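Working notes, structure below.
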Ligand SMILES: [K+]
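Numbering (the working numbering), first residue to last: 414 to 620.
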């Protein structure tokens, strides 16, 4: 699959793409306002994620730190990023179908649209001012709005036993972004696309 990742924010983001134990394509890159990065993701990739990182510093060897979404201090991410991170998630070519979603399960940092550029399905978006409205206990100094599992580490918020319900904190995310996952056992907002679709991930889509 081809993913075009576009930064429509007025600020620089450092995009990242990983499946948890390996980079996808180059794994990360700086995107100034308006810049686009096209990556190729191998067919059959399960559990891929794309996210933005904010307020990064990197030296000439690609080592440093970001205030949101840092993946162990690397420009080119091999692992997933530290919350809070709005997540574009996908599994490709699973029995002839692609599955995509946006997730707020690891919090929110940057607004995002995740849309197919090929026919046969619809896109999803979370573009509300979650950071501005974020409850005080979830607000991350670095920027962003953490999920309640990250902050409080309870079995209920983290759904440790595979049994959990919605919470005041999950309902906050869901009210502002109904098409994104707000907790582990949320009614799925997963979209099913034809296998081998192509996609566009746009940061700050209403900017
Ligand atoms: K936006």
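Note that the Cβ used here is the ideal one computed from N, Cα and C, for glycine as well.
Helix or strand or just coil, what does DSSP make of residue i?
i, result
"residue 543", "helix"
"residue 598", "coil"
"residue 523", "coil"
"residue 562", "helix"
"residue 471", "strand"
"residue 424", "coil"
"residue 491", "coil"
"residue 549", "helix"
"residue 538", "strand"
"residue 569", "helix"
"residue 417", "strand"
Determine which residues share a DSSP beta bridge with residue i and list them.
i, result
"residue 575", "None, per the DSSP bridge assignment."
"residue 709", "The requested residue 709 does not occur in the structure, where the chain is confined to residues 414 to 620."
"residue 477", "471"
"residue 446", "DSSP lists no partner for residue 446."
"residue 586", "Residue 586 is not bridged to any residue."
"residue 452", "416"
"residue 465", "428"
"residue 529", "612"
Over what stretch of residues does the beta strand (DSSP E) that includes residue i continue unbroken?
i, result
"residue 502", "500-507"
Practice prompt. Examine the Cβ distances between the segment 580-590 and the segment 553-564 and report whether three or more of them are shorter than 8 Å.
Written response: Segment contact: the segment 580-590 against the segment 553-564, three or more CB-CB distances shorter than 8 Å; contact assigned.
Fill in: Any residue whose CB is nearer than 6 Å to a heavy atom belonging to ligand 1, listed in chain order
524, 540, 617, 618, 619 and 620
Discussion item. Does the segment 490-500 come into contact with the segment 567-580, if we say contact requires no fewer than three beta-carbon pairs (one atom in each stretch) closer than 8 Å?
Written reply: no
Worksheet item: Just checking, does the segment 538-554 make contact with the segment 515-523 on the three C-beta pairs under 8 Å criterion?
Response: yes
Worksheet item: Can we say the segment 506-514 touches the segment 482-493, given the rule of at least three CB pairs closer than 8 Å?
Response: no
Item to complete: Could you tell me whether the segment 445-456 touches the segment 527-542, where touching means 3 or more Cβ pairs closer than 8 Å?
Response: no
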